[PDB]
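Novice: Input: one structure, supplied below.
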Amino acid sequence: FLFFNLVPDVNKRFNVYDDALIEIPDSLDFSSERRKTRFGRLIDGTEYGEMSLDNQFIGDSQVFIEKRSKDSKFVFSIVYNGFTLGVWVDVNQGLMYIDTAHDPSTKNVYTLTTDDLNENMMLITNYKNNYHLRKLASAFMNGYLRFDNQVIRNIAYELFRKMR
DNA sequence: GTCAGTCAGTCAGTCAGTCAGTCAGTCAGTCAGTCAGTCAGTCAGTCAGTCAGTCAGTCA
């Protein structure tokens, strides 16, 4: 889904395009099979209380992690795994945003993966980015940070994993 | 007894010598914050024993 750049849905029974389909199953059979599990055995009912069964039935959209956006501007700019990435900075309260606002600029742009190199931008090593985006590092280490999109949020997670 | 002095003690004055705070390179120390081979699981492939399928040497 990340590769084809599709935006799924959790309620539209069929997310369709000219070539592909995304199917979330019906609702009545969810209840039918879940009562079936419950009636057959009650620890199957506990499984119905286990969020794993729900994820295998309603799906984990990971929408739980904070998400917002704001018109406030940005300071830095990153490209990771072939995807641009902007770091919006809020005027007040320091609520950092990672929305995809890539303005074509001669501004400094940073990566970590060696596959990303341009005549215009800079590479970063040995934790210089920690000394460049101090506020981003702390803001994620705090509750300040907020991710605009699920793809953005995960991608930022793996970027942090690769950072160290 | 005046004129008022003109070669030693005397005090107004240093004058180079003096102490040691006080920052200060700096010192390797060091200990801790960063980073580079190490191995475990798993992926593809090598051994030499199975299956178990089959043209055929001695006979109907």
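Order determines the names: the first chain of the structure tokens is A, the second B, and so forth; residues in each chain are numbered 1 upward, and ligands are numbered 1 upward as they are shown.
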Sort by chain and increasing residue number a table of all residues of chain B within 12 Å of chain A, each with its closest pair of atoms and their distance in Å to one decimal, counting only C-alpha atoms (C1' of nucleotides), and write it as JSON lines.

Specialist:
{"residue": "B:33", "atom": "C1'", "partner": "A:127", "partner_atom": "CA", "distance": 11.6}
{"residue": "B:34", "atom": "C1'", "partner": "A:126", "partner_atom": "CA", "distance": 8.2}
{"residue": "B:35", "atom": "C1'", "partner": "A:126", "partner_atom": "CA", "distance": 9.0}

Novice: Let me see the file: selected residues, N, CA and C atoms (P, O5', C5', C4', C3', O3' and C1' of nucleotides), as a PDB file, in the first residue's frame.

Specialist:
ATOM      1  P    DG B  33      27.948   9.917  29.292  1.00  0.00           P
ATOM      2  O5'  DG B  33      27.619  10.070  27.732  1.00  0.00           O
ATOM      3  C5'  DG B  33      28.230  11.114  26.983  1.00  0.00           C
ATOM      4  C4'  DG B  33      28.687  10.631  25.613  1.00  0.00           C
ATOM      5  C3'  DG B  33      27.641   9.893  24.788  1.00  0.00           C
ATOM      6  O3'  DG B  33      27.849  10.197  23.416  1.00  0.00           O
ATOM      7  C1'  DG B  33      29.492   8.496  25.091  1.00  0.00           C
ATOM      8  P    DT B  34      26.791   9.753  22.292  1.00  0.00           P
ATOM      9  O5'  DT B  34      27.706   9.102  21.153  1.00  0.00           O
ATOM     10  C5'  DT B  34      28.733   9.874  20.529  1.00  0.00           C
ATOM     11  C4'  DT B  34      29.679   8.989  19.733  1.00  0.00           C
ATOM     12  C3'  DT B  34      29.003   8.054  18.730  1.00  0.00           C
ATOM     13  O3'  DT B  34      29.875   7.830  17.614  1.00  0.00           O
ATOM     14  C1'  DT B  34      30.187   6.778  20.260  1.00  0.00           C
ATOM     15  P    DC B  35      29.325   7.163  16.256  1.00  0.00           P
ATOM     16  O5'  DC B  35      30.633   6.559  15.556  1.00  0.00           O
ATOM     17  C5'  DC B  35      31.732   6.133  16.350  1.00  0.00           C
ATOM     18  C4'  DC B  35      32.213   4.747  15.947  1.00  0.00           C
ATOM     19  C3'  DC B  35      31.339   4.014  14.943  1.00  0.00           C
ATOM     20  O3'  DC B  35      32.057   2.889  14.411  1.00  0.00           O
ATOM     21  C1'  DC B  35      31.114   2.985  17.004  1.00  0.00           C
TER      22       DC B  35
END

Novice: Write out as a CSV table (one decimal) with C-alpha atoms, in the first residue's frame the residues lying within 12 Å of residue 4 in chain A, counting only C-alpha atoms (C1' of nucleotides) and excluding same-chain residues fewer than 6 positions away.

Specialist:
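Result file is part13.csv:
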chain,number,residue,atom,x,y,z
A,17,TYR,CA,-9.2,2.5,-8.7
A,19,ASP,CA,-6.9,-1.2,-11.7
A,20,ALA,CA,-6.9,-2.3,-8.0
A,21,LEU,CA,-9.3,-3.0,-5.1
A,22,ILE,CA,-9.0,-2.7,-1.3
A,151,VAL,CA,3.0,6.8,6.2

Novice: Within 12 Å of residue 136 in chain A, counting only C-alpha atoms (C1' of nucleotides), which residues qualify if same-chain residues fewer than 6 places away don't, as a PyMOL selection string?

Specialist: chain A and resi 74-77+86-90+94-98+129-130+142-147+156+160

Novice: Go ahead and save the residues from that selection, with C-alpha atoms, as an mmCIF file, in the first residue's frame.

Specialist:
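Writing done, so here's part27.cif:
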data_model
loop_
_atom_site.group_PDB
_atom_site.id
_atom_site.type_symbol
_atom_site.label_atom_id
_atom_site.label_comp_id
_atom_site.auth_asym_id
_atom_site.auth_seq_id
_atom_site.Cartn_x
_atom_site.Cartn_y
_atom_site.Cartn_z
ATOM 1 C CA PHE A 74 9.470 24.831 8.922
ATOM 2 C CA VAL A 75 13.242 24.914 9.434
ATOM 3 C CA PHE A 76 14.850 21.753 8.047
ATOM 4 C CA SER A 77 14.142 19.314 5.205
ATOM 5 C CA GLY A 86 9.356 18.452 5.827
ATOM 6 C CA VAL A 87 9.598 19.452 9.458
ATOM 7 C CA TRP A 88 7.022 22.130 10.217
ATOM 8 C CA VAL A 89 7.759 24.252 13.281
ATOM 9 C CA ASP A 90 4.983 25.906 15.288
ATOM 10 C CA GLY A 94 6.670 24.043 20.060
ATOM 11 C CA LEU A 95 4.304 21.418 18.623
ATOM 12 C CA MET A 96 6.501 19.953 15.903
ATOM 13 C CA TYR A 97 4.991 18.652 12.664
ATOM 14 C CA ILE A 98 6.480 16.290 10.095
ATOM 15 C CA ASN A 129 21.802 15.792 12.907
ATOM 16 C CA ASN A 130 21.387 15.534 16.679
ATOM 17 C CA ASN A 142 8.981 14.809 24.460
ATOM 18 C CA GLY A 143 5.301 14.864 23.566
ATOM 19 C CA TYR A 144 5.762 17.940 21.371
ATOM 20 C CA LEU A 145 6.063 16.099 18.066
ATOM 21 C CA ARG A 146 2.993 15.317 15.963
ATOM 22 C CA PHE A 147 2.944 13.364 12.701
ATOM 23 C CA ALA A 156 9.815 8.879 10.811
ATOM 24 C CA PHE A 160 14.803 7.315 14.066
#
